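Residue numbers begin at 1 in each chain, while the letters A, B, ... track the order of the sequences. All heavy atoms count here, side chains included; hydrogens, waters and symmetry mates do not. We count ligands from 1, going down the list as the structure has it; atoms in each ligand are counted the same way.
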There are 2 protein chains.
Amino acid sequence: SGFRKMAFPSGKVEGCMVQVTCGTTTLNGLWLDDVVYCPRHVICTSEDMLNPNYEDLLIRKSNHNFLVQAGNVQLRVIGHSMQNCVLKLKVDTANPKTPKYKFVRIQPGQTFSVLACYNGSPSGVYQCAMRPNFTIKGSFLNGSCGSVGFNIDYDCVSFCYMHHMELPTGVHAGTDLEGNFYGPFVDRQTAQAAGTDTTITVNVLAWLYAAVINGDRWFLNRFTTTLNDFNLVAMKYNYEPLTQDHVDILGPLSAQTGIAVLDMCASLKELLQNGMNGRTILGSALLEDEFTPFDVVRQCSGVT
Amino acid sequence: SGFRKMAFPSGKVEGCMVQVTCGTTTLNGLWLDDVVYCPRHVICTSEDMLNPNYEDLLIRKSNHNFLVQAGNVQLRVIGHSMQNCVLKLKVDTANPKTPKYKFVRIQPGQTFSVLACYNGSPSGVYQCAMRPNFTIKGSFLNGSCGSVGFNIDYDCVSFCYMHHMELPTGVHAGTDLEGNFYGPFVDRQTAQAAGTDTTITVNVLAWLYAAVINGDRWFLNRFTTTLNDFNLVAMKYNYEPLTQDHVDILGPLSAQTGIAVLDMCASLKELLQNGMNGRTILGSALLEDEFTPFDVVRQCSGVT
Ligand SMILES: Cc1ccncc1NC(=O)Cc1cc(Cl)cc(N[C@H]2CCC[C@@H]2O)c1
Ligand SMILES: Cc1ccncc1NC(=O)Cc1cc(Cl)cc(N[C@H]2CCC[C@@H]2O)c1
């Protein structure tokens with residue numbers, strides 16, 4: 001029992017972290033096979049960030065301008081290319097610690113672990129979610145760019161995020177490993193507001209199922225609802241609309257607890273309308289939405 | 001910016017996890033040098049857990065009864081001994097992945113990361129604190145015993161916890177790496193109630209400083225207080241008394257923000273007396289107490 005915001009073990013990703021320096025800028029790179037992936041803004045000076053023409057800036061850079069260090073050893077750069085907002089630095093040595101990996105682009109509402117790094121060295125690991133407005137709420141300081149987000153399925157690391165930016169609002173933006181930003185964000189120092197940060201309803205429900213599994217049952221009521229009735233309340237509270245696909249996804253949790261999905265929806269509807277009344281659920285005073293139904297099943301079953 | 005419940009990178013500890021089986025019982029062990037450390041209840045059957053005489057049970061066990069597997073390879077056990085509530089299994093091979101390490105016994109209020117494991121394999125990593133009643137609020141299922149808690153200082157892993165038990169109340173109990181339980185807990189299936197779980201005041205204050213650093217400033221007020229006045233309110237709310245040692249420990253955070261410690265105490269006093277009024281601080285609707293002042297400095301400065 002117990003339910004925690006749990007991150008994946010980070011060892012397989014720690015073995016891929018390198019430091020990339022170009023001119024006066026230093027950030028993190030991800031070394032997989034003989035390629036180092038990093039944010040393309042490594043080639044920019046602070047003055048360049050206002051209105052960068054990355055293709056034009058990159059012309060002035062050669063392979064020897066990209067300093068890649070793995071631990072205390074320098075890697076030799078034998079090629080460089082830009083793919084969307086990431087640079088791919090071909091090095092002469094394959095990473096001996098390359099795990100089995102995939103590059104995946106996640107959907108809003110999906111969770112992943114972040115290994116926050118500085119100068120190619122890991123500082124910590126935490127769990128976060130791709131928000132419905134395509135931002136993430138991480139913990140990143142200057143130098144953290146190039147830190148990656150990932151999920152693990154047994155021995156295969158699926159990299160889904162690379163950190164690029166902090167918006168003026170303190171929220172984070174980045175790309176998948178093909179260099180495409182999540183959301184409408186651009187790697188430029190310009191006015192970029194995030195969009196409405198709605199609550200991931202299906203994740204809230206999964207977390208209520210985790211609460212019942214772990215003994216917190218005070219919020220269970222004598223009511224039921226329908227998807228259309230529940231969604232009228234969800235709209236009012238800036239919650240994402242719940243679909244039959246979401247109900248299907250919650251099926252294993254509903255089976256394990258014997259609580260029908262629409263009954264749990266009625267419990268969530270009352271929590272939205274009435275509040276917690278100073279009570280907590282799994283040590284939280286707000287409804288948690290950064291656990292997917294798969295995260296709950298995984299944590300409650302002990303998948304390694 | 002951003003502030004997350006961050007765990008240490010787990011790679012150095014993943015390299016130490018092994019599976020230990022004795023008879024029908026399987027749990028986790030920690031392999032450091034040529035010794036594997038595990039909970040002594042690995043020698044018990046479920047019937048033995050009611051009233052175990054560990055010295056008597058251990059007599060019936062020989063080195064060949066302890067099956068230690070690291071990955072898919074079996075380790076040869078050449079000695080066994082019991083130290084308090086842990087067994088030390090001497091193996092014929094030093095762990096090649098042994099990091100620089102120390103065994104430390106932590107004080108209540110201190111935080112650490114847990115690498116939850118099953119069958120010697122890591123499932124996840126999360127951050128937790130030794131509660132003032134010497135329990136931890138983790139996420140552990142059957143088979144998680146022997147999972148360890150640790151802190152890292154650059155390249156040295158300080159192991160502080162080994163998981164042994166879940167109490168009937170869903171809280172967790174365990175030992176340091178010398179086998180001494182934290183708190184009054186015993187490795188027996190008997191009535192054991194935890195004690196009052198008070199709030200770690202100094203950690204709450206550190207987290208309020210992290211909030212101000214990260215822009216959440218709504219709770220700052222025009223007041224101040226004294227240690228004695230603050231503690232009258234802290235007692236009423238089951239908060240640990242704040243001492244001058246704690247004020248000294250918060251010194252760097254007070255210097256960084258320009259907010260005197262007693263002024264922050266007055267803000268916390270108003271939050272206790274008035275509540276949050278439906279507002280949040282760093283994405284939380286309750287006062288968070290599992291970040292030490294050192295955790296806040298570390299996360300806000302990017303220590304790797
Ligand atoms: C600072 C940070 C914090 C967290 N995560 C990430 C970061 N870093 C960034 O966003 C990188 C970045 C991206 C853009 Cl579009 C512009 C800049 N401009 C810089 C010129 C002087 C300082 C200012 O940061 C930098
Ligand atoms: C189960 C668990 C969950 C989380 N963390 C840890 C655990 N495991 C434990 O506490 C181990 C343990 C310690 C004591 Cl003192 C007694 C037992 N008795 C068992 C006999 C039948 C089943 C029951 O669990 C087992």
Side-chain angles (χ1 to χ4, degrees), chain A residues 1-4 24-28 38-52 54 85 114 116-118 135-147 162-175 181 185-192 214 299-300 302, chain B residues 1-4 24-28 38-52 54 85 114 116-118 135-147 162-175 181 185-192 214 299-300 302:
Chain A
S1 80
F3 204 75
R4 278 280 184 181
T24 66
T25 306
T26 293
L27 41 60
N28 305 284
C38 76
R40 67 178 179 175
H41 74 249
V42 73
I43 70 180
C44 303
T45 67
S46 308
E47 315 92 79
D48 286 332
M49 291 317 297
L50 295 169
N51 185 29
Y54 286 96
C85 302
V114 172
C117 295
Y118 297 91
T135 62
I136 78 173
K137 294 166 158 151
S139 177
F140 294 113
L141 306 167
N142 193 84
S144 65
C145 305
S147 294
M162 174 166 280
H163 191 48
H164 287 242
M165 201 156 77
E166 186 168 73
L167 297 183
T169 55
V171 306
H172 302 114
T175 67
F181 265 91
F185 306 114
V186 295
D187 47 359
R188 272 179 257 148
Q189 191 173 323
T190 196
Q192 308 183 55
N214 290 287
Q299 184 172 162
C300 298
Chain B
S1 80
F3 204 75
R4 278 280 184 181
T24 66
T25 306
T26 293
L27 41 60
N28 305 284
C38 76
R40 67 178 179 175
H41 74 249
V42 73
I43 70 180
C44 303
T45 67
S46 308
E47 315 92 79
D48 286 332
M49 291 317 297
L50 295 169
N51 185 29
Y54 286 96
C85 302
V114 172
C117 295
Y118 297 91
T135 62
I136 78 173
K137 294 166 158 151
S139 177
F140 294 113
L141 306 167
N142 193 84
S144 65
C145 305
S147 294
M162 174 166 280
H163 191 48
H164 287 242
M165 201 156 77
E166 186 168 73
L167 297 183
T169 55
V171 306
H172 302 114
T175 67
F181 265 91
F185 306 114
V186 295
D187 47 359
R188 272 179 257 148
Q189 191 173 323
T190 196
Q192 308 183 55
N214 290 287
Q299 184 172 162
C300 298

Provide, to 0.1 Å, the distance between [atom] and the closest protein heavy atom, together with that atom's residue and name.
atom                    : result
atom 13 (C) of ligand 2 : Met49(B) CE, 4.0 Å
atom 18 (N) of ligand 2 : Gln189(B) OE1, 2.9 Å
atom 7 (C) of ligand 2  : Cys145(B) SG, 4.0 Å
atom 6 (C) of ligand 2  : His163(B) NE2, 3.2 Å
atom 24 (O) of ligand 2 : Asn142(B) OD1, 4.4 Å
atom 4 (C) of ligand 2  : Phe140(B) O, 3.1 Å

For this session: Taking atom 22 (C) of ligand 1 as the reference point, report whether a protein heavy atom occurs under 4.0 Å from it.
Result: no
Exercise. Among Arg188(B), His164(B), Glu47(B), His172(B), whose heavy atom sits nearest atom 11 (C) of ligand 2?
Worked result: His164(B)
Exercise. How many angstroms lie between atom CG of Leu27(B) and atom CE of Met162(B), to the nearest 0.5 angstrom?
Worked result: 9.0 Å
Exercise. Counting heavy atoms only, which part of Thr190(B) comes closer than 4.0 Å to ligand 2: side chain, backbone, both or neither?
Worked result: neither
Exercise. Less than 3.5 Å between some nitrogen or oxygen of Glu166(B) and one of ligand 2, yes or no?
Worked result: yes
Problem set entry | Atom indices of ligand 2 within 4.0 angstrom of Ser144(B) heavy atoms, with elements | 5 (N)
